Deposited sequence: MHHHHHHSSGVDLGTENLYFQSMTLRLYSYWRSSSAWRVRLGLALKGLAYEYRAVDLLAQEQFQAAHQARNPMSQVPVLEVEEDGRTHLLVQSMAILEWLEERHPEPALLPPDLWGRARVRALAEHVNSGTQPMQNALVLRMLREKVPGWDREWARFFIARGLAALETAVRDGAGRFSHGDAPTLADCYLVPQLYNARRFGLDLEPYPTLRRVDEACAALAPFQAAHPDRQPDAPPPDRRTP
């Protein structure tokens, strides 16, 4: 089990516009790792549960007649970094590692949970419309923290001049900001980093619109 077996096969349980799954798709793409895409239709399950809980992301690792199910984006990405150290998405110096993990956690723990689908559904059940106002408030708060923290240490990307785990968390969170109609004018460093990332093939590959389960534009809910 503890040998770095080379014939591990990877299967990602993903939903096209899950920001949490997207982070893992970015880790996989940036490390050049092939994987099988297992679609989990979270919209269908939401509508079904309302009329009458799949975990996303889950990275299934198969080996020697054994399956491991890895959960939590940050745990999954830390596993990818330990198992496949090149190209590194955490730097080798300890201060930089702490900085990158902090930028990731600002999103992971400080922003995304406040706008997850269960949270938003419970908000708009009690007070109609208020979920999108709430999402904009908490996303803006998270992005303001990131703009300040990123500007100190960013080169072309969130940390220096190559992609790191911090970018894996930033890019999907900016997409959600746009989804909820948040003005990104106040985050110039984040916008710059987003543009740099968007031009790279691995980011293009991981984007919601390129995923097997992506609906056409005219069949996407807000």
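- Stretches of the deposited sequence lacking C-alpha coordinates, numbered from 1: 1-15, 68-72.
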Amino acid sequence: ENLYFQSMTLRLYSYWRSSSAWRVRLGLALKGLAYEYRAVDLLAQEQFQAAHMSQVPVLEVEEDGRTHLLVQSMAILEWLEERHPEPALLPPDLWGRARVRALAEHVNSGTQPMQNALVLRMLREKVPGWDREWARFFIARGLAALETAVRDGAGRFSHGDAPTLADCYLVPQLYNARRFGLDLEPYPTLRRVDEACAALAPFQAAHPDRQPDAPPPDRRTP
From here on, numbers count along this sequence of modelled residues.
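- Once the C-alpha B-factors are averaged per stretch, 135-143 and 95-103 rank with 135-143 first.
- Higher mean CA temperature factor between 121-129 and 81-89: 121-129, per the PDB entry.
- Considering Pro172, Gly153, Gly27, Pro57 together, the PDB entry gives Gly153 the largest C-alpha B factor.
- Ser18: CA B factor in the lowest third of modelled residues in this chain (values from the PDB entry).
- In this PDB entry, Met114 carries a Cα temperature factor that places it within the middle third of its chain's modelled residues.
- The deposited CA B-factor of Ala205 belongs to the middle third of values across its chain.
- Ranked by Cα temperature factor within the chain, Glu46 sits in the highest third according to the deposited record.
- Annotation for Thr164: C-alpha temperature factor in the lowest third relative to the rest of the modelled chain, per the entry.
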